[PDB]
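Start at 1 and go down the list; that is how both ligands and their atoms are numbered. Proteins come first, then strands; the chains are lettered A, B, ... in the order of their sequence lines, and each starts at number 1.
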Amino acid sequence: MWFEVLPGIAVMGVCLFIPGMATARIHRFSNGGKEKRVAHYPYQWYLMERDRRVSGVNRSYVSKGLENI
Amino acid sequence: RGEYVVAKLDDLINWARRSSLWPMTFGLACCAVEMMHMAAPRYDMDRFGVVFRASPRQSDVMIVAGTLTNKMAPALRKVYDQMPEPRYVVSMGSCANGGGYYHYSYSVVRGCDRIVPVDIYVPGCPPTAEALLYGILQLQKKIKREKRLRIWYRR
Amino acid sequence: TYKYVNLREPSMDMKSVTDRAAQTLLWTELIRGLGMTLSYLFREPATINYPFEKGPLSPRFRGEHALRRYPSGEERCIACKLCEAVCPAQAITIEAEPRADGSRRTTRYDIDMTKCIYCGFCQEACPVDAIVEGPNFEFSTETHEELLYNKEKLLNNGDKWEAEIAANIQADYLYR
Amino acid sequence: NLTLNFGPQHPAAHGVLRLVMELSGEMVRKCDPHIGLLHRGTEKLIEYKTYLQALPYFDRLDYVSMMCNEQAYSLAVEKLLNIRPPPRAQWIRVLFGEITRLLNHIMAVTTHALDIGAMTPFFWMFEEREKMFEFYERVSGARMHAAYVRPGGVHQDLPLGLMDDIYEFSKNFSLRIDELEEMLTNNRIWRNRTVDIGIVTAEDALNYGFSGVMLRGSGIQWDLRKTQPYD
Amino acid sequence: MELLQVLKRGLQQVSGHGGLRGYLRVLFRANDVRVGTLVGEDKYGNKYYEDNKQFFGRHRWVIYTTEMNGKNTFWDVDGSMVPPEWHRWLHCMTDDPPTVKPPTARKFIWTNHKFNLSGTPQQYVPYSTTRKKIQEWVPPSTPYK
Amino acid sequence: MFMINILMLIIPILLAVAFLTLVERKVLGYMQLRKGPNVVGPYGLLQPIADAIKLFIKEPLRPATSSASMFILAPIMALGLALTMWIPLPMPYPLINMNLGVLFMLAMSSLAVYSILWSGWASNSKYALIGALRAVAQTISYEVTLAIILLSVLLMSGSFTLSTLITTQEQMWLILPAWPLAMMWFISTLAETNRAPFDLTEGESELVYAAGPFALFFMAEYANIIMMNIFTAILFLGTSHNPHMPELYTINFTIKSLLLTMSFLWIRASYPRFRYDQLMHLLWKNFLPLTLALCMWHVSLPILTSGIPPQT
Amino acid sequence: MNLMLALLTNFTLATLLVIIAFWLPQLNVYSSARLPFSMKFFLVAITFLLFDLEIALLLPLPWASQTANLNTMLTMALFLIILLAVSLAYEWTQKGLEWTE
Ligand SMILES: CCCCCCCCCCCCCCCCCC(=O)OC[C@H](COP(=O)(O)OCCN)OC(=O)CCCCCCCCCCCCCCCCC
Ligand SMILES: N=C(N)NC(=N)NCCc1ccc(I)c(Cl)c1
Ligand code: SF4
Ligand code: SF4
Ligand code: SF4
């Protein structure tokens with residue numbers, strides 16, 4: 001019966017689901033729980049390098065707020 | 001132990017090879033029609049892992065389904081020689097089994113086992129699609145009994 | 001009396017011409033063909049679960065041969081050789097002589113099951129219902145020699161299958 | 001002129017038919033069928049059989065139209081014997097002759113579609129073929145080579161309840177033809193593979209010895225069931 | 001919502017086989033978890049079921065025994081294991097099971113059915129059943145030349 | 001941590017490819033009034049594993065190769081490129097976030113034709129080579145429309161970044177303003193990947209040569225079928241992205257890809273096969289004229305509607 | 001460095017799989033130069049190449065639409081596509097798209 005096709009479909013679904021899920025979670029793990037910063041242009045890259053220096057730990061994802069002022 | 005290892009490796013490749021038997025059919029004559037009915041929805045050979053249309057380059061079992069004439073014998077042997085191993089042959093129907101109703105003819109090979117080795121003989125003129133399925137399932141059990149690795153280990 | 005299968009005039013009014021233009025560009029017949037295959041995906045398949053389910057057969061089915069007996073256990077065959085005469089394939093070979101008790105009985109009764117065409121002419125020709133084609137069709141073998149039946153093999157088939165063979169003959173003999 | 005002859009300088013086996021074709025690019029310039037690969041000397045073997053013994057050879061000719069082959073041989077022998085089969089036998093023979101026609105046209109149409117890619121009507125219709133094989137098996141004990149139609153009539157009478165099942169099967173079969181037509185008749189890809197392909201004129205068909213649909217396809221009004229009827 | 005009543009039918013198959021182990025056992029042996037009426041059981045352990053709501057072909061089936069004639073048939077089942085008295089019923093050559101219309105007993109009928117024996121030590125080996133036809137002359141034992 | 005990411009992309013791809021074989025055989029079966037695999041494992045779930053093992057312990061084909069190095073190269077080329085096509089795909093976050101991700105995929109897809117060509121040279125057979133050239137001619141022909149169709153859609157997106165297609169389709173799928181292009185794009189992916197009714201390499205292998213691992217070429221081909229359909233979903237059926245619950249995107253986006261892939265299955269079950277010249281005419285005389293006209297239309301349309309997208 | 005790693009991994013695994021697909025079966029021990037090929041196929045390849053080159057000039061169009069010189073951009077964008085269409089019209093009428101003969 002047609003619903004016996006579903007188990008194979010479900011296995012494919014889980015297999016395709018992992019790449020998108022693994023990438024999203026690894027990004028959060030590596031970037032202080034936030035999205036990996038996108039730097040497509042020199043301005044975006046420049047602000048990232050500035051952030052790395054301002055962080056004080058050499059990590060561009062460690063934000064520093066008004067506590068530094 | 002090494003005995004127990006080869007016992008399970010044998011069980012593994014044997015399970016894989018009989019769960020994925022890909023036939024190429026010489027539909028030479030009548031018996032090809034019953035072979036088509038075994039692929040047809042009622043019996044659905046594909047549900048056993050036996051794909052319907054397989055190229056000779058990827059085939060594991062040859063089914064001689066029909067009369068093998070003298071004029072065709074060289075072509076049958078050619079295809080058999082090109083099948084990669086392991087390869088098995090199922091002889092289907094009286095004609096292929098031993099000439100059948102044209103046994104005494106001048107142009108008919110009296111059994112395909114004169115040209116190629118045969119593993120299973122399916123009797124009938126023609127065997128019912130379910131009779132051919134019985135022979136295919138009997139070939140699987142023949143493969144299940146194989147013990148290449150255990151014999152290699154004991155060389 | 002006859003009919004035309006493809007003698008039709010396509011209308012050339014703008015409505016009809018636009019109907020074929022929308023068909024060409026929007027693939028309507030192709031999508032209609034997709035509907036038919038979709039309706040089959042949701043139909044119950046016709047597959048049966050062999051070997052746990054079997055295709056239906058009738059009492060007349062022609063399968064593996066067997067030599068039968070009388071209720072007393074005496075062989076029905078009397079070495080008349082009518083089966084051997086009619087066999088279109090010459091698959092039957094018979095020899096006979098007087099038995100120790102004087103009965104007319106066979107000393108050889110072979111069927112080359114790789115010559116046999118399973119035509120059933122032998123059971124039609126037999127005057128005493130001795131040779132029959134039984135209901136068994138699952139006797140494929142691994143060697144050629146296993147399919148060259150002699151009298152011992154054929155009698156064993158009869159003893160093995162008599163329960164079913166008798167019931168099948170009971171069902172069909174009024175049509176013979 | 002590339003050539004495909006299935007031999008040295010061409011590693012490939014032929015099969016049932018050895019077609020030796022010479023092509024110019026994509027076009028076929030000559031098509032040379034080499035047959036005899038299923039020649040079995042049936043006509044010589046029949047000379048050693050009695051008329052009844054030779055009957056099963058005709059099941060194994062057009063092995064898709066078994067009972068029709070039996071009928072042609074039976075009519076020839078009845079004509080030479082100067083006898084006729086009884087009316088019920090003639091009606092049974094026409095009934096199974098038309099069932100046999102369904103068996104053949106299903107096979108012809110669906111394998112023709114399969115050979116060019118449309119693989120699915122073959123499965124839907126071969127379930128219908130399987131049911132018709134049961135009618136063969138119920139009257140003769142054999143699914144294909146019934147040997148049921150014999151000179152003088154038929155071998156055995158229909159078992160009780162067979163006609164009812166044939167009625168049930170026929171009642172639904174036209175819807176199966178409709179489903180087959182829904183896949184093929186109006187499909188632009190099917191039409192592009194068959195329209196204006198293998199055109200034969202009415203005169204060429206006659207002089208080349210064609211018959212059946214090969215004649216009627218070109219408009220010739222001929223059918224032996226009408227012009228030279230039998231049974 | 002028939003979805004729920006479809007699912008309930010699914011669960012009743014689990015209980016219809018006597019728990020999950022029975023449901024799994026028939027799923028992996030016979031690749032089918034349907035529940036049918038028990039029509040009978042032969043002397044070898046094969047169980048025969050019917051379900052007349054199924055389309056013709058699937059309305060009768062056999063769950064083979066796990067051991068026949070000393071052979072382990074838990075996974076290795078075979079169509080030839082069906083004895084003749086049930087063979088007629090399972091192939092729809094009749095309507096009546098042997099539990100209702102048993103076969104005619106005979107002295108010579110096998111009491112123990114055998115499945116296909118090809119490829120085993122029990123396989124059939126052909127031979128000529130006739131005796132020697134030409135007798136040779138045996139020379140005398142005492143010398144005399 | 002990035003290497004853990006690469007393997008979490010490669011390994012599931014090969015598994016999804018493996019179980020697409022099972023899904024294809026079962027969906028084709030039920031459309032044909034049968035079941036397909038249901039014995040090898042429950043519901044045939046072990047069938048892909050049995051087939052994989054069997055192929056990999058089969059004897060190699062015995063015709064001698066005309067080029068040893070280039071016999072190895074073809075499968076490596078084919079499989080390596082197939083895996084490479086997945087690294088820029090945003091699901092919703094790409095493994096590699098490429099500014100010109102669309103161009104990268106177009107460029108890599110155009111190199112996958114080399115495996116077809118190289119396997120022809122290594123075949124040591126003129127018929128094998130002639131077959132390889134025919135497939136290449138078909139492949140490159142439909143690359144023409146895919147590139148132009150792709151360019152037309154990007155004129156509503158405004159960049160070559162793939163994740164920008166998600167922003168473009170925030171309010172509405174691109175299949176609505178571009179359904180004429182979606183129709184042609186979908187058929188081109190069928191003919192691009194030698195899929196029925198465009199599987200003529202195996203259609204014309206019929207009647208009336210040294211060959212690499214069938215398994216390696218098969219896996220590459222089926223990875224491309226999934227990737228093509230994933231790309232179709234992103235390009236036309238854009239999924240909304242919630243940055244705080246990314247897994248919601250991955251569920252819906254996956255389902256769209258599965259359905260699109262199942263439609264490839266649905267389509268080989270339904271139609272007969274084109275003749276070679278007729279699918280060449282389908283491109284050069286039908287798709288390409290419309291694609292050129294719609295490329296012109298889609299250059300004009302943003303300008304005349306004042307709907308030009310931003311660069312970033 | 002990530003793209004190099006991804007590329008290196010993709011082909012190393014492809015290479016690894018290929019070799020074991022070459023040797024794993026060996027764990028068992030199972031016992032003149034002008035191709036006869038139509039000139040029409042050469043023209044397909046050449047036609048693809050020339051259309052591929054024109055497609056290269058159209059690829060910058062998404063960025064080109066960002067200029068204040070939209071009157072010139074649109075004119076040249078259409079000019080190129082029209083000439084691309086004129087080339088197809090020339091091949092078509094000259095029977096270059098045919099396969100007969
Ligand atoms: C307001 C201003 C607006 C301006 C813009 C207006 C544009 C809209 C109006 C135009 C519509 C454009 C349609 C674009 C689709 C392409 C249409 C097409 O090319 O069809 C013709 C082609 C050949 O047809 P043929 O019968 O051979 O006749 C001509 C041959 N000389 O036919 C074929 O393509 C052959 C069929 C091939 C497909 C067979 C297999 C698939 C069929 C089912 C697929 C279903 C579609 C899936 C959709 C995917 C969505 C992601
Ligand atoms: N289902 C198809 N696509 N047809 C087909 N070739 N079936 C055979 C199944 C198969 C082939 C290659 C691999 I690797 C795997 Cl794992 C399974
Ligand atoms: S064995 Fe019987 S059915 Fe098969 S080809 Fe020979 S005559 Fe025909
Ligand atoms: S069934 Fe026919 S061919 Fe077979 S032994 Fe009987 S008469 Fe001879
Ligand atoms: S089996 Fe019947 S027909 Fe044949 S020899 Fe014996 S009695 Fe005569």
For the pair F:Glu192 (side chain) and F:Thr189 (backbone), establish whether a donor and an acceptor sit closer than 3.5 Å, ignoring hydrogens and angles. no
Does ligand 3 have any atom that is closer than 4.0 Å to a heavy atom of D:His145? yes
The closest protein heavy-atom partner of atom 50 (C) of ligand 1 is F:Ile175 CD1, 4.1 Å
Taking only heavy atoms of C:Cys126 into account, list the atoms of ligand 5 that are under 4.0 Å away from them. 1 (S), 2 (Fe), 3 (S), 7 (S)
Between C:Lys153 and C:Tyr149, is NZ or CZ placed under 6.0 angstrom from the six-membered ring centre and within 45° of the ring axis? yes
What protein heavy atom sits nearest atom 2 (Fe) of ligand 3, and how far off is it? B:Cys125 SG, 2.2 Å
Residue pair C:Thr37 / F:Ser270, side-chain donor-acceptor N/O under 3.5 Å: yes
At what distance is the nearest protein heavy atom to atom 5 (S) of ligand 5, and which residue and atom is it? C:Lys81 N, 3.1 Å
Residue and atom name of the nearest protein heavy atom (relative to atom 43 (C) of ligand 1), distance in Å to one decimal: F:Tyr271 OH, 3.7 Å
Below 4.0 angstrom from a heavy atom of D:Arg60, which ligand 3 atoms are there? Numbered from 1 as shown, please. 7 (S)
Contact region, F:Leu290 to ligand 1, non-hydrogen atoms below 4.0 Å, reads side chain
Distance alone, cut at 3.5 Å: any donor-acceptor contact between the side chains of C:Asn157 and C:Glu64? yes
Under a 4.0 Å threshold between the charged nitrogen and the carboxylate oxygen, would C:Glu74 count as salt-bridged to C:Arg69? no
Using a 4.0 Å cutoff against the non-hydrogen atoms of B:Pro126, which atoms of ligand 3 qualify? 3 (S)
Considering all protein heavy atoms, does one lie under 4.0 Å from atom 10 (C) of ligand 1? no
Which ligand 1 atoms does F:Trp297 reach within 4.0 Å, using its non-hydrogen atoms? 2 (C)
With C:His65 as reference, evaluate C:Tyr118, C:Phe121, C:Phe139 under the ring pair (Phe, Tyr, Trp, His ring centres under 6.0 Å) test and give the passing residue. C:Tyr118
When you compare the side chain of C:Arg20 with that of C:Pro10, does any pair of heavy atoms fall below 4.5 Å? yes
Using a strict cut-off of 4.0 Å, indicate which atoms of ligand 5 neighbour a heavy atom of C:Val128. 7 (S)
Who's the nearest protein heavy-atom neighbour of atom 13 (C) of ligand 1, and how far? C:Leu25 O, 3.7 Å
Within the 4.0 Å heavy-atom cut-off, what C:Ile92 brings close to ligand 5 is neither
Can you check whether a protein heavy atom sits less than 4.0 angstrom from atom 27 (O) of ligand 1? no
Is the distance between the ring centroids of F:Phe236 and F:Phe231 under 6.0 Å? no
Among C:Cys116, D:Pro56, B:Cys31, which one puts a heavy atom closest to atom 4 (Fe) of ligand 3? B:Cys31
With heavy atoms of F:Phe287 as the reference, note each atom of ligand 1 found under 4.0 Å away. 19 (O), 34 (O)
In terms of residue, atom name and distance, what is the protein heavy atom nearest to atom 3 (S) of ligand 3? B:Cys30 CB, 3.0 Å
For B:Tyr121 and B:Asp113, which I'm curious about, is there any donor-acceptor pair between the side chains at under 3.5 Å? yes
Counting from 1 in the order shown, the ligand 1 atoms closer than 4.0 Å to a non-hydrogen atom of C:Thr24 are 20 (O), 21 (C), 24 (O), 28 (O)
Check whether the side chains of D:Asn104 and D:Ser65 place a donor and an acceptor atom closer than 3.5 Å, and report yes or no. yes
What's the shortest distance from atom 5 (C) of ligand 1 to any protein heavy atom, and which residue and atom give it? F:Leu294 CD2, 4.1 Å
The atoms of ligand 3 lying under 4.0 Å from a heavy atom of B:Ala29, numbered in the order shown, are 5 (S)
Taking atom types as modelled, find out whether B:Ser91 and B:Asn97 have a side-chain donor-acceptor pair closer than 3.5 angstrom. yes
Heavy-atom distances under 4.0 Å decide this one: backbone, side chain, both or neither, for F:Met184 against ligand 1? side chain
Distance-only side-chain donor-acceptor flag, C:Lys151 / C:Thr106, under 3.5 Å: yes
For C:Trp27, is at least one N or O under 3.5 Å away from an N or O on ligand 1? yes
Quick one: look up the protein heavy atom nearest atom 39 (C) of ligand 1 and list residue, atom name and how far away it is. C:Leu30 CD1, 4.0 Å
Regarding atom 24 (O) of ligand 1: of the candidates C:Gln23, D:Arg191, D:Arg188, C:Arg20, which has the closest heavy atom? D:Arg188
Which of the numbered atoms in ligand 5 are under 4.0 angstrom from any heavy atom belonging to C:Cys83? 1 (S), 3 (S), 4 (Fe), 5 (S)
Looking only at protein heavy atoms, which one is nearest to atom 6 (Fe) of ligand 3, and what is the separation? B:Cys95 SG, 2.3 Å
On a heavy-atom basis, I'd like to know which of C:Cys80, C:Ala79, C:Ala130 is closest to atom 8 (Fe) of ligand 5. C:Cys80
Test item: side-chain donor near acceptor, D:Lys44 and B:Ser105, under 3.5 Å: no
For D:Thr100 and D:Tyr136, test the side chains for any donor-to-acceptor distance below 3.5 angstrom and give the result as yes or no. yes
At a threshold of 2.8 Å, where the distance has to be below it, does atom 6 (Fe) of ligand 5 have an N, O or S atom of C:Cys77 nearby? yes
F:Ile187 heavy atoms within 4.0 Å reach ligand 1 at atoms 38 (C), 41 (C)
Are there more than 12 heavy atoms of other residues, nucleotides or ligands under 6.0 Å from atom NZ of F:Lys285? yes
Report the nearest protein non-hydrogen atom to atom 30 (C) of ligand 1: residue, atom name, distance rounded to 0.1 Å. F:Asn286 OD1, 3.4 Å
Residue C:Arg32 excluded, over 12 heavy atoms near CZ under 6.0 Å: no
Which ligand 1 atoms, with their elements, are less than 4.0 angstrom from a heavy-atom of F:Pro180? 7 (C), 8 (C), 14 (C)
Do D:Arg40's NZ or CZ and the ring of B:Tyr102 fall within the cation-pi criteria of under 6.0 Å and 45°? yes
Any donor-acceptor pair under 3.5 Å from F:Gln138 side chain to F:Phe198 backbone: yes
What atoms of ligand 1 come closer than 4.0 angstrom to any heavy atom of F:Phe186? 47 (C), 49 (C)
Should we count CZ of D:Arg191 as having more than 12 external heavy atoms under 6.0 Å? no
Starting from atom 7 (S) of ligand 5, find the nearest protein heavy-atom neighbour and note its residue, name and distance. C:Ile78 N, 3.5 Å
Just jot down the ligand 3 atoms closer than 4.0 angstrom to any heavy atom of B:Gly66, in number order. 5 (S)
Tell me the protein heavy atom at minimum distance from atom 15 (C) of ligand 1, and give that distance in Å. F:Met183 CE, 3.7 Å
Protein heavy-atom contact under 4.0 Å for atom 17 (C) of ligand 1? yes
Is any NZ, NE, NH1 or NH2 atom of the basic residue among C:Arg105 and C:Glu75 found under 4.0 Å from an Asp or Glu carboxylate oxygen of the other? no
Ligand 1 versus F:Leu282, non-hydrogen atoms closer than 4.0 Å: side chain, backbone, both, neither? side chain
Using a 4.0 Å heavy-atom threshold (strictly under), name the region of F:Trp185 that reaches ligand 1: side chain, backbone, both or neither. neither
C:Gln90 atom CD, neighbour heavy-atom count above 12 within 6.0 Å: no
